Amino acid sequence: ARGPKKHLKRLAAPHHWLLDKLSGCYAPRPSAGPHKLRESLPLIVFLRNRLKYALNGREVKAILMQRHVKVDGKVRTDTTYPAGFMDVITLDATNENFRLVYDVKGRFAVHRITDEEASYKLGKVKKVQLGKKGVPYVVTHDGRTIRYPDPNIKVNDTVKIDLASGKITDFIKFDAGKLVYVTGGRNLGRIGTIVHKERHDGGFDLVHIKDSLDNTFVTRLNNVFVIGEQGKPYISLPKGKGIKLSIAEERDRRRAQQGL
Amino acid sequence: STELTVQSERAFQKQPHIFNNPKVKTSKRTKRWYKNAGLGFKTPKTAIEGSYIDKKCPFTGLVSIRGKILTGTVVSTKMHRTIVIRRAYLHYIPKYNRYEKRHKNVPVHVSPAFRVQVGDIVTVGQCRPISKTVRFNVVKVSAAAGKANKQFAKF
RNA sequence: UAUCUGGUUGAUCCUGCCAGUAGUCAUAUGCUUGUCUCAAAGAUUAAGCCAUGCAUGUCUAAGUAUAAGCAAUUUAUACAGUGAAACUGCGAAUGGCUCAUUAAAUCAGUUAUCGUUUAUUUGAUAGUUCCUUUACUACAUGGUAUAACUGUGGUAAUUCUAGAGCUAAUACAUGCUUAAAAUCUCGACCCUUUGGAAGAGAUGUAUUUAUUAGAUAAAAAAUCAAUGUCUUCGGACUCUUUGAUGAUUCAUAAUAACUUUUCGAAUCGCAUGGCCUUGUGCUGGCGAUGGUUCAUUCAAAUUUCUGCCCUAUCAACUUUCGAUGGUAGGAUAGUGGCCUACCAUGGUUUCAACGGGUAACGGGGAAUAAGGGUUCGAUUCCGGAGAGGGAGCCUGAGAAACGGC
RNA sequence: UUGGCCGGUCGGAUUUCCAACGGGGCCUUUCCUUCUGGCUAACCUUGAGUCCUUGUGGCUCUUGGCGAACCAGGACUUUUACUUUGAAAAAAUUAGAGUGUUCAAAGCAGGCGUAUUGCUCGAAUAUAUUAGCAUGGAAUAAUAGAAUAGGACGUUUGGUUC
RNA sequence: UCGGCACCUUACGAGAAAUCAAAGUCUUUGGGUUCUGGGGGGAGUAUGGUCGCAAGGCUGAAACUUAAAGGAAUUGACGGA
RNA sequence: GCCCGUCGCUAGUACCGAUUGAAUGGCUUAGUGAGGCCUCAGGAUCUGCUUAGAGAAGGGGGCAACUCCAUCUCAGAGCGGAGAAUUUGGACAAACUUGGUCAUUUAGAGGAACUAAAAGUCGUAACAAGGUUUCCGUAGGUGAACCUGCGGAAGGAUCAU
RNA sequence: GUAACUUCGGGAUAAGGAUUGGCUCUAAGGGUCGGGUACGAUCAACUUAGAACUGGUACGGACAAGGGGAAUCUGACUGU
Ligand SMILES: [Mg+2]
Ligand SMILES: [Mg+2]
Ligand SMILES: [Mg+2]
Ligand SMILES: [Mg+2]
Ligand SMILES: [Mg+2]
Ligand SMILES: [Mg+2]
Ligand SMILES: [Mg+2]
Ligand SMILES: [Mg+2]
Ligand SMILES: [Mg+2]
Ligand SMILES: [Mg+2]
Ligand SMILES: [Mg+2]
Ligand SMILES: [Mg+2]
Ligand SMILES: [Mg+2]
Ligand SMILES: [Mg+2]
Ligand SMILES: [Mg+2]
Ligand SMILES: [Mg+2]
Ligand SMILES: [Mg+2]
Ligand SMILES: [Mg+2]
Ligand SMILES: [Mg+2]
Ligand SMILES: [Mg+2]
Ligand SMILES: [Mg+2]
Ligand SMILES: [Mg+2]
Ligand SMILES: [Mg+2]
Ligand SMILES: [Mg+2]
Ligand SMILES: [Mg+2]
Ligand SMILES: [Mg+2]
Ligand SMILES: [Mg+2]
Ligand SMILES: [Mg+2]
Ligand SMILES: [Mg+2]
Ligand SMILES: [Mg+2]
Ligand SMILES: [Mg+2]
Ligand SMILES: [Mg+2]
Ligand SMILES: [Mg+2]
Ligand SMILES: [Mg+2]
Ligand SMILES: [Mg+2]
Ligand SMILES: [Mg+2]
Ligand SMILES: [Mg+2]
Ligand SMILES: [Mg+2]
């Protein structure tokens with residue numbers, strides 16, 4: 001023990017990175033960064049396991065040390081850089097802009113976007129609080145501190161960050177009828193906006209959400225990410241829109257497109 | 001606890017940072033600080049119009065109630081400003097598919113707002129470690145009747 | 001894969017165990033052994049002892065190069081490339097190995113930090129540096145004091161080092177220049193009073209204390225320090241800024257100070273632009289690396305609730321060397337009997353405390369299983385403990401560290 | 001929800017034509033602790049008009065409209081057990097979907113052309129108990145309430161505090 | 001008719017049977033609850049505690065040994081029946 | 001027929017037992033008490049100023065307003081810093097010595113048993129009315145199985161006047 | 001702090017182990033005085049506990065004053 005750990009055991013990794021059990025004893029430990037260790041996705045996992053551009057973890061080093069990848073417009077040459085939720089990942093060569101979003105299985109989608117959507121991102125307001133000299137600041141889910149917000153911005157909301165100058169462009173208030181991206185647990189990757197929100201003063205606020213197919217699913221408020229109004233997402237949603245087709249319906253589609 | 005020996009102590013018992021200005025005569029003559037502990041637990045009036053200090057009181061003192069809220073029956077009031085309450089429960093053994101009576105005793109700080117006694121069901125709320133053992137302060141006393149008005153000597 | 005069978009009798013029917021029967025990711029051992037895949041392996045017994053060798057070092061255009069090194073420069077007479085050594089920084093607190101302690105202890109799930117520390121990461125963040133301004137010192141840039149090194153040595157021997165002489169910094173120690181306004185306090189210059197003023201200082205951020213604000217049920221009024229800044233001198237003044245949390249003495253801000261005064265860049269690479277007082281004048285880009293605070297991230301510490309094997313040939317245990325609580329202090333990173341001082345007499349237990357045993361680390365889990373159970377889990381993951389035993393400590397964000405003392 | 005019969009698609013959409021389950025409301029003497037202000041009720045109340053060929057399946061600026069179709073405070077709370085549902089619950093293992101590792105133990109791969117400028121599916125889910133959190137029920141098993149009435153109900157006294 | 005000590009007959013049932021209206025309502029296994037047993041010996045022994053003036057009482061082992069001990073009934077055999 | 005013991009052969013297992021028997025692990029009254037830390041001191045050195053005394057060196061506008069920052073030979077009345085050995089006092093506390101106590105293991109002359117176990121000797125106590133009906137509690141007596149008193153039971157050899 | 005054993009009364013001061021001076025203090029522990037048809041004058045005593053400071057670590061400073069333990073025999077004991 002005696003301090004911070006520097007190693008991640010494979011099979012002690014978060015399961016949603018889809019790392020193979022064999023062929024290597026260790027996992028890429030997420031570095032310190034904007035997102036938590038179990039809620040992030042290291043760049044080696046993205047560029048070798050999700051995009052298949054690198055074969056080894058050495059070619060992830062040979063990519064990052066040519067200033068190719070940039071998370072949020074900044075290069076981040078760390079191999080184990082903890083790129084997490086809503087992070088825009090730009091590749092200059094290949095011209096590919098990705099946004100790290102959850103597919104409905106609870107994993108990280110290989111989801112391309114375009115440049116006007118790559119120019120910004122979203123961030124769930126963690127806290128609103130006065131800083132020193134009286135300056136108000138808001139804290140986002142990637143730990144960004146942005147000063148002088150709109151005074152209407154409260155906790156559990158969402159702000160649109162301009163990502164060149166890290167400025168709040170506009171904000172989506174947290175209220176009923178607004179697209180909730182569930183960001184943790186078994187409901188990871190599910191959209192659906194509302195039923196209502198139940199309070200529980202004391203801890204662990206719960207939010208009821210019913211998707212396009214009218215499936216209600218209760219989620220804790222600390223897994224809720226607001227991503228738009230009714231309809232009209234503020235980002236490009238992944239291939240499947242977070243609907244949770246059951247395995248009976250999942251076997252129905254794959255047989256519907258394996259005979260063509 | 002407005003009267004009856006607030007000061008019986010080697011140190012001066014006062015609330016921290018509550019300045020009584022002696023020049024400006026405001027017609028209370030002692031500023032008193034209170035809060036609500038939250039979660040619907042009312043601040044009793046005998047804390048407001050009483051004058052105890054209790055640095056570990058959830059209303060007038062510097063402890064914040066947070067975490068588990070439990071309920072239990074007071075069994076022992078023989079310390080000063082502390083009680084132990086009995087948390088009776090049933091524990092299930094799966095082999096017999098049956099339950100057994102277990103209990104745990106929890107020592108709880110009692111503020112001098114309340115007048116607890118034994119055999120009183122009481123609501124207690126977690127705080128920081130008050131003592132070696134105590135982590136809970138009485139937030140609400142749940143005694144109503146006690147069946148004690150019908151027992152004494154008769155004509 | 002919900003199965004029984006052999007054994008008591010002259011014979012029978014039982015109770016009943018013995019024996020057979022089948023697994024074992026369960027060890028050892030005997031015999032035998034051709035192919036391919038897969039692969040536990042000094043746990044038990046001795047956490048008993050250890051020869052030898054290795055297991056932790058690290059250099060980019062970007063802290064320091066006069067190697068008396070090499071290549072041999074690219075106005076390159078300050079250097080220019082490469083770079084041993086050494087200084088500086090960072091790491092060495094991860095890994096790995098083992099299971100000896102350890103029976104509400106660890107651990108597992110579940111709370112808490114409104115009870116704290118946190119390198120690194122990431123995001124923000126610093127016009128104030130003048131001692132007592134009308135007693136400022138280079139900022140076109142401060143100082144000594146050292147390594148490596150040269151040379152002279154001791155010891156049989158150690159990753160021992162001595163004396164002398166050199167020399168750098170992103171090491172060490174000092175120390176400035178980057179507006180302008182407001183608002184206070186002081187202040188040479190108010191006649192018959194709801195009668196002021198150049199100037200002089202201070203006001204960044206750390207520290208520590210005290211005090212203040214951090215608000216709120218909707219509206220109306222006539223008296224008494226109060227013409228509270230009511231203008232035809234009564235033409236009732238038409239007026240509330242304040243974030244957060246379930247909850248605060250929270251965040252924050254202000255007033256008076258306080259300090260063996262912390263920080264506020266005496267640092268490096270590349271590119272060499274542009275402007276007009278052509279002076280090597282003024283502005284100038286992309287970085288690197290430091291730095292204060294607040295959040296973040298990796299953590300750490302303590303923590304709520306509930307749960308663990310056998311034993312009463314263990315029924316009372318804890319309280320002089322804290323037991324249980326209160327009050328105050330000290331210590332801590334902080335809560336807290338953590339310790340100290342004083343005061344009270346508590347706290348636990350037949351719902352098994354206290355004690356004793358364990359060839360006991362805990363859990364995920366494993367073997368067998370109709371169902372329920374029974375037994376194992378030292379061991380590929382997670383948490384704990386330990387490096388022969390104990391105890392203490394330095395450094396560092398992080399260790400009571402052991403490939404440190 | 002079994003479907004359920006134009007069988008017109010040479011025994012393959014459909015639907016009150018219904019019966020049995022499974023829920024939600026309303027009323028019968030029938031709690032829904034509660035006043036506030038943003039809803040302005042499937043509008044308790046229907047000025048103005050039903051240009052559709054006859055019905056009990058298809059509407060407007062409305063006469064101040066039980067401002068009661070959910071957001072934060074109380075003259076605000078009898079407590080459990082039980083059971084359902086759901087989060088949150090490390091992976092590996094176990095059960096288990098997919099997939100010719102040549103089979104299998106395994107593994108999480110893989111599959112498909114025009115193989116020339118390459119297209120594309122996955123990596124599910126269940127269980128994971130006991131304790132804790134929320135949630136629907138209110139049988140069963142407790143507990144409490146008014147008997148010396150210190151009882152419950154009252155929108156138009158406000159006293160030593162507020 | 002209430003309660004009791006028993007009995008008689010049958011055996012629905014129960015049991016291995018002898019028998020039993022309880023010893024039944026028991027693989028169609030759950031009314032409530034206390035104590036005890038786990039093949040025979042060693043052995044109610046050793047040791048420890050405890051009680052008693054003591055005799056002894058209560059609690060109470062293990063090593064080791066053993067393939068049967070036992071229960072009920074049948075047929076025989078034998079009886080100084 | 002079966003069967004009980006006394007005594008005897010061989011082998012094994014535990015029990016009591018002088019020996020304050022021995023060994024490991026504790027845990028603990030006490031005494032001594034290393035080392036590091038903090039602390040009261042200390043000051044070998046190893047320096048930077050500066051002198052009211054020669055310190056052979058202008059007082060940092062200037063050698064008339066008692067006003068303008070000012071250094072070598074040595075003692076220093078002026079200081080100021082770093083500081084090693086050593087030392088006081090604490091608190092943590094290794095370890096040693098001694099006693100008490102707990103638990104486990106191990107040695108012991110000998111004593112008191114049990115078993116293998118069927119076989120030797122002696123009687124025949126039980127099983128038949130087993131030749132004195134048996135068994136239970138208790139007491140006493142006996143080579144001994146046992147015998148006898150007292151009370152019980154029927155598992156009696158009597159379900160019956 | 002205290003064992004075996006015990007006639008349960010003892011063994012027992014078992015065995016063992018710490019402290020003790022001086023000075024300056026602190027804290028308890030009394031008596032007499034009194035009410036309206038929310039009170040302290042006054043006097044006196046030596047016990048006990050605690051603290052600091054102090055010293056060639058001395059201190060029951062002379063005096064005074066048990067050695068203790070494990071066994072065996074023997075008589076119960078006090079007594080003669
Ligand atoms: Mg490790
Ligand atoms: Mg306490
Ligand atoms: Mg067997
Ligand atoms: Mg071959
Ligand atoms: Mg070993
Ligand atoms: Mg092992
Ligand atoms: Mg072991
Ligand atoms: Mg070793
Ligand atoms: Mg380089
Ligand atoms: Mg290894
Ligand atoms: Mg780092
Ligand atoms: Mg650098
Ligand atoms: Mg205290
Ligand atoms: Mg305290
Ligand atoms: Mg305190
Ligand atoms: Mg062990
Ligand atoms: Mg285990
Ligand atoms: Mg284990
Ligand atoms: Mg360690
Ligand atoms: Mg370090
Ligand atoms: Mg160590
Ligand atoms: Mg190590
Ligand atoms: Mg080692
Ligand atoms: Mg298979
Ligand atoms: Mg009758
Ligand atoms: Mg037996
Ligand atoms: Mg017995
Ligand atoms: Mg005995
Ligand atoms: Mg005979
Ligand atoms: Mg006879
Ligand atoms: Mg007979
Ligand atoms: Mg018998
Ligand atoms: Mg003595
Ligand atoms: Mg003696
Ligand atoms: Mg005599
Ligand atoms: Mg005689
Ligand atoms: Mg005699
Ligand atoms: Mg005599």
# chains A, B, ... in the order shown; residues from 1 in each chain; ligands from 1
call {"tool": "residues_near_ligand", "arguments": {"ligand": "ligand 35", "cutoff": "9 Å", "atoms": "only C-alpha atoms (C1' of nucleotides) and all ligand atoms", "output": "number ranges by chain"}}
result
G: 75-77, 79
call {"tool": "select_by_dssp", "arguments": {"residues": "stretch 22-227 of chain A", "states": "alpha helix (DSSP H)", "output": "PyMOL selection string"}}
result
chain A and resi 43-44+58-64+115-118
call {"tool": "select_by_dssp", "arguments": {"residues": "stretch 46-117 of chain B", "states": "strand (DSSP E)", "output": "ChimeraX atom specification"}}
result
/B:69-76,82-93,98-109
call {"tool": "residues_near_ligand", "arguments": {"ligand": "ligand 31", "cutoff": "12 Å", "atoms": "only C-alpha atoms (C1' of nucleotides) and all ligand atoms", "output": "VMD selection string"}}
result
(chain E and resid 79 81) or (chain F and resid 126 to 130 133 to 135 154 to 157)
call {"tool": "interface_residues", "arguments": {"of": "chain B", "to": "chain D", "cutoff": "8 Å", "atoms": "only C-alpha atoms (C1' of nucleotides)", "output": "compact mmCIF listing (two decimals) with N, CA and C atoms, in the first residue's frame"}}
result
# COMPACT_ATOMS: atom_id res chain seq x y z
N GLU B 49 -35.28 29.09 23.99
CA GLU B 49 -35.45 29.85 25.21
C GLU B 49 -34.73 29.24 26.41
N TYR B 92 -31.77 -13.41 10.61
CA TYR B 92 -32.30 -14.55 9.89
C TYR B 92 -31.19 -15.53 9.57
N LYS B 150 -52.06 6.67 35.34
CA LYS B 150 -53.16 5.84 35.85
C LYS B 150 -52.68 4.86 36.91
call {"tool": "interface_residues", "arguments": {"of": "chain B", "to": "chain A", "cutoff": "9 Å", "atoms": "only C-alpha atoms", "output": "list in words"}}
result
residues 38, 39, 66 and 67 of chain B
call {"tool": "atom_distance", "arguments": {"atom1": "atom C1' of residue E:7", "atom2": "atom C1' of residue F:161"}}
result
18.6 Å
call {"tool": "residues_near_ligand", "arguments": {"ligand": "ligand 10", "cutoff": "10 Å", "atoms": "only C-alpha atoms (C1' of nucleotides) and all ligand atoms", "output": "PDB file with N, CA and C atoms (P, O5', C5', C4', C3', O3' and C1' of nucleotides), in the first residue's frame"}}
result
ATOM      1  P     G C  95       0.997  -2.256  -5.811  1.00  0.00           P
ATOM      2  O5'   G C  95       2.148  -3.068  -6.559  1.00  0.00           O
ATOM      3  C5'   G C  95       1.909  -3.609  -7.848  1.00  0.00           C
ATOM      4  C4'   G C  95       3.175  -3.892  -8.620  1.00  0.00           C
ATOM      5  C3'   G C  95       3.637  -5.333  -8.655  1.00  0.00           C
ATOM      6  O3'   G C  95       2.917  -6.115  -9.578  1.00  0.00           O
ATOM      7  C1'   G C  95       5.483  -3.927  -8.261  1.00  0.00           C
ATOM      8  P     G C  96       1.994  -7.309  -9.049  1.00  0.00           P
ATOM      9  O5'   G C  96       2.987  -8.265  -8.279  1.00  0.00           O
ATOM     10  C5'   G C  96       3.728  -9.216  -9.009  1.00  0.00           C
ATOM     11  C4'   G C  96       5.055  -9.503  -8.369  1.00  0.00           C
ATOM     12  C3'   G C  96       5.034 -10.473  -7.216  1.00  0.00           C
ATOM     13  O3'   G C  96       4.958 -11.815  -7.643  1.00  0.00           O
ATOM     14  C1'   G C  96       6.333  -8.628  -6.626  1.00  0.00           C
ATOM     15  P     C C  97       3.818 -12.774  -7.057  1.00  0.00           P
ATOM     16  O5'   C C  97       4.471 -13.391  -5.754  1.00  0.00           O
ATOM     17  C5'   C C  97       5.844 -13.723  -5.721  1.00  0.00           C
ATOM     18  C4'   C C  97       6.354 -13.730  -4.314  1.00  0.00           C
ATOM     19  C3'   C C  97       5.466 -14.425  -3.318  1.00  0.00           C
ATOM     20  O3'   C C  97       5.558 -15.835  -3.392  1.00  0.00           O
ATOM     21  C1'   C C  97       6.285 -12.414  -2.394  1.00  0.00           C
TER      22        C C  97
END
call {"tool": "residues_near_ligand", "arguments": {"ligand": "ligand 4", "cutoff": "12 Å", "atoms": "only C-alpha atoms (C1' of nucleotides) and all ligand atoms", "output": "NGL selection string"}}
result
:C and (34-36)
